[PDB]
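Here is the structure we will look at.
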Amino acid sequence: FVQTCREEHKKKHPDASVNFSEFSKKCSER
DNA sequence: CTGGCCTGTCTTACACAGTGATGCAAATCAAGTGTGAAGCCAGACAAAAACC
């Protein structure tokens, strides 16, 4: 799932390179 | 008593196995280095899986 989540968020966060720990937490929380 | 004529030894022809040498084409080396391609790192965590 995590790849798809991050791919969707590529536009959600306009140009940010997101953290590993926090992105894990977010994909986890959904 | 002597052939023709239906049968196992004899006699070389003949292919070729394989020897160390040979000869030519094609890698290879050697130097310079800046790339690009590639597997790996870390941490919180959840899938797809088998164990009581």
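So the first sequence is numbered by the entry's author numbering: it starts at 19 and just counts up by one.
Note that the Cβ used here is the ideal one computed from N, Cα and C, for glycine as well.
Segment limits, alpha helix (DSSP H) that includes residue i
i: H27; result: 20-30
Proximal residues to residue i (C-beta, below 7 Å), its chain only, five neighbours per side dropped
i: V20; result: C45
i: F41; result: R24
6 Å CB neighbourhood of residue i in its chain, flanking five on each side removed
i: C23; result: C45
Cβ neighbours of residue i in the same chain (closer than 8 Å, five flanking residues each side left out)
i: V36; result: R24, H27
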